[PDB]
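Asks: Okay, here's the structure, questions in a sec.
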Protein chains: 2
Amino acid sequence: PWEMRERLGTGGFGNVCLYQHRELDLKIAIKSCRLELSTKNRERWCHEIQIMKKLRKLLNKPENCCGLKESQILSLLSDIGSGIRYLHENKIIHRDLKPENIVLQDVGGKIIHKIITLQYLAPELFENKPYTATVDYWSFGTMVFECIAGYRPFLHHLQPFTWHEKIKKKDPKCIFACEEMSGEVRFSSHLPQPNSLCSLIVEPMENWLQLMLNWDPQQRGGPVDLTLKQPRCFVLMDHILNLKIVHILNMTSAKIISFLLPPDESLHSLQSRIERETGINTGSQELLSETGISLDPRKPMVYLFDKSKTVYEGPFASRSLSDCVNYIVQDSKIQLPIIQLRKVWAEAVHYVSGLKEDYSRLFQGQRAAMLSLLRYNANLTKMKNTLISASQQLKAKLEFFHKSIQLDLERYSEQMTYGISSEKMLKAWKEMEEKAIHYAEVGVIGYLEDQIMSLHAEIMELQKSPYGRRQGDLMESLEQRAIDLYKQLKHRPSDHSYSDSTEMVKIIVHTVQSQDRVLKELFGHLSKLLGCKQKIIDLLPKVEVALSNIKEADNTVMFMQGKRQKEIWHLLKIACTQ
Amino acid sequence: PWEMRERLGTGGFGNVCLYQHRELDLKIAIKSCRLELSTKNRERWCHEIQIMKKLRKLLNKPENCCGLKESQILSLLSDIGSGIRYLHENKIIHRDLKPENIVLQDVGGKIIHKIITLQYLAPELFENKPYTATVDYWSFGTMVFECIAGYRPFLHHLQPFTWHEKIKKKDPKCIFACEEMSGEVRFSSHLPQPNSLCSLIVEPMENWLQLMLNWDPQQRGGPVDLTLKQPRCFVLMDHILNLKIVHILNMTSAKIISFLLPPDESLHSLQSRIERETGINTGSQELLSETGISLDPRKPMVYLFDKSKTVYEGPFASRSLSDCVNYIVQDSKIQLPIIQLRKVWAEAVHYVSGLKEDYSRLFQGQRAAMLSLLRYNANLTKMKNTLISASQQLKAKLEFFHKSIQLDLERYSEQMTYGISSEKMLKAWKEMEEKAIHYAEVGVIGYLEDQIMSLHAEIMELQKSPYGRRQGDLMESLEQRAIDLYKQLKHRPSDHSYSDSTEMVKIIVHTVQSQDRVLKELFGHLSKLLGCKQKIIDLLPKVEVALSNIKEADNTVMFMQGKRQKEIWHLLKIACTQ
């Protein structure tokens, strides 16, 4: 009771149709018979049934055309790296490595990738040579480089009949070829600069690219350690895919610096590392969670605060542009070919989206700092209730105590009138009364209570603060317009070779204007937040020591009254003696 | 060092130019010489200088074309009534009574009117007859009727050459003439129905119109009481301009009922009057200020609440339309002359603006009730702090007390061990300890404290309530469009005799839709407000009696400890005896 849901793809046996039973969601891809395949390859097709039973869409998204995220490429190395390790354990050579053969499985966010066109065709496959797994290595590092470039690793849009002949002329220690608009073929052993990656892993991934893209198949992934059945490629993948790196945005300078983490460094020696890095003293270096929880020093993207610095100035976030982009800043109206234009405009929307994530992370650190302020406020309310409570407890004990000793001095004075009492305990108890009247801490709790309601009024005022995310969605609109202009460029055929880019530069203008606005308002927010936070931190030991003094006069006075009791018991037993 | 500011008006001596010195704001109206007046009337003009040194714009506002407000017409009776009383003391007959001769002086809201065209020309002036102050009476009641009609009291837009001849045929006990579209001349001794006035004063003002507009000058204001140098007209003005009337919107039925106030009625007998009027029992009848302050019963537009009724239904505000307006409801597209159209459309915008003031006053009563809820919340916080404070005072006195008597039972037991103590006060003090342990009211303060934080959470939720005034400004836009359509009708010459009125009926549709919406949301608000208010009112005597019990165990326990003291003094003096 179901139908064909959607034609999934094609194949040598025929087209693939993904099915679904709407009453039961019976999802299955079934490669149908469309090609009328020869019976030899039909038997080999059922062999493929016994063995199989034994992404490019996301790439063509205009956001993704710049290159992918860090953890996306890392998780791609995990899924596809582990997958081809499993396949090379199973003696399998797919010969068909492409993002069109990558199924995306969203398990709650965990995008599990599985395995199921001449630029992925190896040059040994391009001329039908003896093959091995290094072919699939070549396509692997090919595709993973395309995950950050947005394009092929070698002479993009060159026809493979001579493009593979240029592949035969590659410097093997170099990894990337770029061609100028004059046709200048040059090489690079470096990554092209608009990435989204941190250099600390890029350089072992650079040498990894030096291994994975040598066109000699005996050298491509060649140093295979038979200790671990892996090349040095998979050694570096094992290192990097477990290489712990803490990324820290300096909130005070708007700078993210990554850090290699040795597997047993304490957080304090890390504070020494950031201390040497930034100059910020560890007593003033303050760090806390993404959710706004201060980091436990007892433990081994968190956000950097300087306690000893109060007012934070404007951003020290240098946000560069390329000389092509700067050339558009000089004149956006030059009529240049689209080979430049898709690249440069991708760098532009790339740049703007980078600014959006900058404000996004700064927005996060602001919210998290406000959460820490709320926790400090909560402890302030707890010590408030403790203070008011135990303070009025002290006041009542004062009242009851002195009225008690007033009655005791009346009757004791009547016994001194009877020639019974002694004047020494009389004067002593009058000193007890005088020291009780000295215990006049009931004004201090009202004054520091006025400090409490002062700061509580301040943080209630900080609740009603306006937010720059109002202009953050304006940045979303500007970036969205930039995406739309990139799409309108992207669907142009070769007849639309020359174009203008002025409105995008206007989006850059209003972008940096709005970003300066939300940074000024934002730094005003954080400035008042850390100010009132400092007021709370300075307020706490006063409340603590004062409450301690309350407990001092508490146990003091109770001991004094019990002393008065026992003295009356002494005069009792003395009168029992006589 | 100044110039002519603006030409104010005209005159027989010439045009009047209002001056101003921009550096000093030297405002003065100066009647210039434009007419080249004859020297006899120039000498009479300087006579007018010696005697003078001895509004129609507001009428033509489309809001005001329906008729003026209540207090506006009343203040007009005060200023112009008192002014012509002063002028008739000075033997002055102006002969020139018109709103064009009325200067508006805004003293902080108090619009002081002062004294400075054939429909205001009296029929005795129209035929140049012997004159008196009853001429200015005729123009006075003429203009004051025009303040509520928006038009002349007799056959509007009729040419005075025969319109005064129709004035000679007026029924003197009748006050108003209306003409049908067939030309049917009829009379009315009543006010035309679209007023803005309360009938309680209208009927003495109706007979006042029967006196002030009789075309016999010896009868117009004729019964002049020489006891007070006034006609019965000024007697009724003296009554009505001091006639105290409390206007009360029934919030429960969306109805305003006016009330004559005898000059010494207490507020309780007023509650009997509203009690007989509405059926609402005085124990449930609740009244409070415009600013949300409950009315003192000890004293002699406030808003009516029913305490015994919880959920208030939809409005019982009948808002009628005329049969002309209902005829437009039948078909707005009938092509009828503008003599109807300006009147009927004025009734329409009149109706919509009336609905706007309805929601405005209901909005006021909602805000005021919320203010009363805040005051109840404030008393709740005061009793909260008193309760928590004195409660923990009681707890500390319990602790100190029982530890005290624990020490006293230890030593007293040691003296019973010494063969000294008696068991009766032993067992008695153990009963004192047991009753102290019985005093376990520290859980009740936490439970009713949870009720306090419950209601505090509820009223904090009521703070974030959405407001129907969002659609109130939508009503402002709809009414503003209706004003614009009335203006576009109003500037039409006689060539635009036939018109359509459908979009105004659409404004009536969206008006009553939005009004039903804001009344539903509004009554939901007030329903939850009175509900939580009832919760607070029920919560209060629990807190009060519990706190009273705290004071009971307070003075009880203190008396018990002092009793224990005095008993030890008894054993002391007994041991002194032995």
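Residues in the structure tokens are named by chain (A, B, ... in the order shown) and by number from 1 within that chain; ligands are numbered from 1 in the order shown.
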Compile the contact shell of residue 486 (chain A) as a VMD selection string: residues with an atom at most 8 Å away, counting only C-alpha atoms, same-chain residues fewer than 4 positions apart removed.
Replies: chain A and resid 62 342 345 to 346 482 490
Asks: Could the residues in this selection be saved with N, CA and C atoms as an mmCIF file, in the first residue's frame?
Replies:
data_model
loop_
_atom_site.group_PDB
_atom_site.id
_atom_site.type_symbol
_atom_site.label_atom_id
_atom_site.label_comp_id
_atom_site.auth_asym_id
_atom_site.auth_seq_id
_atom_site.Cartn_x
_atom_site.Cartn_y
_atom_site.Cartn_z
ATOM 1 N N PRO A 62 25.174 28.341 -1.171
ATOM 2 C CA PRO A 62 26.051 29.516 -1.300
ATOM 3 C C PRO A 62 26.788 29.899 -0.030
ATOM 4 N N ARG A 342 32.871 35.304 -8.892
ATOM 5 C CA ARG A 342 32.286 34.335 -7.971
ATOM 6 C C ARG A 342 33.202 34.101 -6.779
ATOM 7 N N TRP A 345 33.261 37.577 -4.639
ATOM 8 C CA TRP A 345 31.998 37.838 -3.961
ATOM 9 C C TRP A 345 31.744 36.780 -2.897
ATOM 10 N N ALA A 346 32.204 35.551 -3.153
ATOM 11 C CA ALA A 346 32.187 34.523 -2.120
ATOM 12 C C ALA A 346 33.045 34.928 -0.933
ATOM 13 N N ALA A 482 23.175 39.670 0.386
ATOM 14 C CA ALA A 482 24.452 39.327 -0.230
ATOM 15 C C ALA A 482 24.425 37.919 -0.808
ATOM 16 N N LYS A 490 25.461 33.653 -9.578
ATOM 17 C CA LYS A 490 25.829 32.252 -9.742
ATOM 18 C C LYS A 490 25.037 31.581 -10.851
#
Asks: Per residue of chain A within 9 Å of chain B, what are the shortest atom pair and its distance in Å to one decimal, counting only C-alpha atoms, with rows by chain and residue number, as a tab-separated table?
Replies:
residue	atom	partner	partner_atom	distance
A:388	CA	B:389	CA	7.7
A:389	CA	B:392	CA	6.3
A:390	CA	B:392	CA	7.9
A:392	CA	B:393	CA	6.2
A:393	CA	B:393	CA	5.0
A:394	CA	B:396	CA	8.2
A:395	CA	B:393	CA	8.2
A:396	CA	B:393	CA	5.9
A:397	CA	B:397	CA	6.7
A:400	CA	B:558	CA	7.3
A:404	CA	B:562	CA	6.9
A:407	CA	B:562	CA	7.8
A:408	CA	B:565	CA	7.7
A:411	CA	B:569	CA	7.5
A:412	CA	B:569	CA	8.7
A:415	CA	B:573	CA	8.4
A:420	CA	B:576	CA	8.0
A:558	CA	B:400	CA	7.5
A:561	CA	B:404	CA	8.5
A:562	CA	B:404	CA	7.2
A:565	CA	B:408	CA	7.8
A:566	CA	B:411	CA	8.3
A:568	CA	B:572	CA	8.5
A:569	CA	B:411	CA	7.8
A:571	CA	B:572	CA	8.0
A:572	CA	B:572	CA	5.9
A:573	CA	B:575	CA	8.5
A:574	CA	B:575	CA	8.9
A:575	CA	B:575	CA	5.3
A:576	CA	B:575	CA	5.7
A:577	CA	B:575	CA	8.9
A:578	CA	B:578	CA	7.4
Asks: Residues within 10 Å of residue 265 (chain A), please, as number ranges by chain. Count only C-alpha atoms; anything in the same chain fewer than 4 positions from it doesn't count.
Replies: A: 261, 269-270, 299-300
Asks: Find the spatial neighbours of residue 220 (chain B), counting only C-alpha atoms, within a cut-off of 8 Å - ignore same-chain residues fewer than 4 positions away - and output them as a list in words.
Replies: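 Counting only C-alpha atoms, the residues come to residues 134, 137, 138, 211, 212, 213, 214, 215 and 216 of chain B.
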Asks: For residue 536 (chain A), find every residue with an atom within 12 Å (counting only C-alpha atoms), except residues of its own chain fewer than 6 positions away, and show them as number ranges by chain.
Replies: A: 372-381, 383, 448, 451-456, 458-459, 529-530, 542-543
Asks: What separation in Å, quoted to one decimal, exists between CA of residue 526 (chain A) and CA of residue 366 (chain A)?
Replies: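 Taking CA of residue 526 (chain A) and CA of residue 366 (chain A), their separation equals 6.6 Å.
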Asks: Please return, as number ranges by chain, all residues of region 312-457 of chain A that DSSP assigns to helix (DSSP H, G or I) on the basis of the backbone.
Replies: A: 323-330, 338-417, 423-438, 444-457
Asks: What does the file look like for those residues with C-alpha atoms, as a tab-separated table (two decimals), in the first residue's frame?
Replies:
chain	number	residue	atom	x	y	z
A	323	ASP	CA	43.66	42.69	-2.60
A	324	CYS	CA	40.94	41.62	-5.02
A	325	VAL	CA	38.36	42.73	-2.45
A	326	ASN	CA	40.42	45.86	-1.77
A	327	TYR	CA	40.51	46.34	-5.54
A	328	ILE	CA	36.70	46.31	-5.42
A	329	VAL	CA	36.92	48.84	-2.57
A	330	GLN	CA	38.90	50.98	-5.01
A	338	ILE	CA	33.02	36.02	-13.53
A	339	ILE	CA	35.96	33.69	-12.81
A	340	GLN	CA	37.12	36.45	-10.50
A	341	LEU	CA	33.64	37.54	-9.50
A	342	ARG	CA	32.29	34.34	-7.97
A	343	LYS	CA	35.50	33.92	-5.97
A	344	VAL	CA	35.69	37.53	-4.76
A	345	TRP	CA	32.00	37.84	-3.96
A	346	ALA	CA	32.19	34.52	-2.12
A	347	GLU	CA	34.98	36.12	-0.11
A	348	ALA	CA	32.71	39.10	0.54
A	349	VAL	CA	29.72	37.13	1.85
A	350	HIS	CA	32.29	34.96	3.63
A	351	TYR	CA	33.59	38.10	5.32
A	352	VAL	CA	30.14	39.36	6.32
A	353	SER	CA	29.05	36.00	7.72
A	354	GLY	CA	32.30	35.93	9.65
A	355	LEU	CA	31.34	39.28	11.16
A	356	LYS	CA	27.92	37.84	12.03
A	357	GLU	CA	29.48	34.94	13.92
A	358	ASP	CA	31.78	37.44	15.61
A	359	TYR	CA	28.83	39.37	17.00
A	360	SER	CA	27.13	36.05	17.75
A	361	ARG	CA	29.96	34.81	19.94
A	362	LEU	CA	30.32	38.20	21.62
A	363	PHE	CA	26.58	38.10	22.25
A	364	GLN	CA	27.12	34.70	23.86
A	365	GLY	CA	29.87	35.95	26.15
A	366	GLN	CA	27.73	38.90	27.16
A	367	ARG	CA	24.81	36.63	28.04
A	368	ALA	CA	27.10	34.26	29.92
A	369	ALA	CA	28.63	37.09	31.92
A	370	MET	CA	25.11	38.23	32.74
A	371	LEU	CA	24.38	34.69	33.95
A	372	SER	CA	27.42	34.84	36.24
A	373	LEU	CA	26.08	38.16	37.49
A	374	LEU	CA	22.80	36.42	38.26
A	375	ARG	CA	24.58	33.72	40.24
A	376	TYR	CA	26.43	36.36	42.23
A	377	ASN	CA	23.08	38.06	42.76
A	378	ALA	CA	21.65	34.77	44.03
A	379	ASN	CA	24.42	34.34	46.59
A	380	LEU	CA	23.84	37.98	47.52
A	381	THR	CA	20.18	37.23	48.20
A	382	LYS	CA	21.06	34.18	50.28
A	383	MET	CA	23.48	36.16	52.42
A	384	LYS	CA	20.83	38.89	52.51
A	385	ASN	CA	18.20	36.59	54.01
A	386	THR	CA	20.76	35.08	56.37
A	387	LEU	CA	21.84	38.56	57.44
A	388	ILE	CA	18.38	40.02	58.03
A	389	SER	CA	17.23	36.84	59.76
A	390	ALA	CA	20.15	36.22	62.12
A	391	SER	CA	20.48	39.96	62.69
A	392	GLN	CA	16.94	40.29	63.99
A	393	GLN	CA	17.61	37.11	65.96
A	394	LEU	CA	20.48	38.97	67.58
A	395	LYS	CA	18.23	41.97	68.23
A	396	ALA	CA	15.58	39.87	69.94
A	397	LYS	CA	18.21	38.10	72.03
A	398	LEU	CA	19.48	41.54	73.03
A	399	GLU	CA	16.00	42.66	74.10
A	400	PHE	CA	15.18	39.51	76.06
A	401	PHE	CA	18.66	39.47	77.58
A	402	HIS	CA	18.73	43.00	78.92
A	403	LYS	CA	15.17	42.85	80.22
A	404	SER	CA	16.19	39.63	81.96
A	405	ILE	CA	19.22	41.19	83.62
A	406	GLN	CA	17.13	44.27	84.46
A	407	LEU	CA	14.82	42.05	86.51
A	408	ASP	CA	17.90	40.32	87.93
A	409	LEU	CA	19.44	43.63	89.00
A	410	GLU	CA	16.17	44.68	90.58
A	411	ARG	CA	15.90	41.56	92.71
A	412	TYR	CA	19.66	41.33	93.25
A	413	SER	CA	19.59	44.95	94.37
A	414	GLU	CA	16.78	43.96	96.73
A	415	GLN	CA	19.04	41.30	98.19
A	416	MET	CA	21.90	43.77	98.54
A	417	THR	CA	19.20	45.79	100.30
A	423	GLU	CA	28.77	44.42	94.70
A	424	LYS	CA	31.39	42.74	92.53
A	425	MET	CA	28.93	40.72	90.49
A	426	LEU	CA	26.64	43.74	90.59
A	427	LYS	CA	29.21	45.92	88.82
A	428	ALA	CA	30.18	42.99	86.62
A	429	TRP	CA	26.60	42.49	85.45
A	430	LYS	CA	26.26	46.23	84.86
A	431	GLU	CA	29.31	45.89	82.63
A	432	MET	CA	27.53	43.01	80.91
A	433	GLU	CA	24.55	45.28	80.32
A	434	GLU	CA	26.76	48.10	79.05
A	435	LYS	CA	28.52	45.80	76.60
A	436	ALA	CA	25.12	44.53	75.48
A	437	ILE	CA	24.03	48.10	74.76
A	438	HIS	CA	27.36	48.48	72.94
A	444	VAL	CA	24.92	48.52	59.92
A	445	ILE	CA	22.54	45.88	58.59
A	446	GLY	CA	20.23	48.67	57.45
A	447	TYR	CA	23.02	50.61	55.75
A	448	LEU	CA	24.53	47.61	54.00
A	449	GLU	CA	20.95	46.53	53.35
A	450	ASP	CA	20.61	49.85	51.52
A	451	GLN	CA	23.68	48.80	49.58
A	452	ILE	CA	21.88	45.53	48.82
A	453	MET	CA	18.76	47.27	47.56
A	454	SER	CA	21.04	49.67	45.71
A	455	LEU	CA	22.74	46.90	43.75
A	456	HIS	CA	19.45	45.04	43.38
A	457	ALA	CA	17.98	48.18	41.85
Asks: Counting only C-alpha atoms, figure out which residue out of A:310, A:501, A:281, A:421 gets nearest to residue 488 (chain A).
Replies: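 That would be A:501, the residue with the smallest distance to residue 488 (chain A).
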Asks: Could you list, as a PyMOL selection string, every residue within 6 Å of region 96-101 of chain A, counting only C-alpha atoms and ignoring same-chain residues fewer than 6 positions away?
Replies: chain A and resi 55-56+116
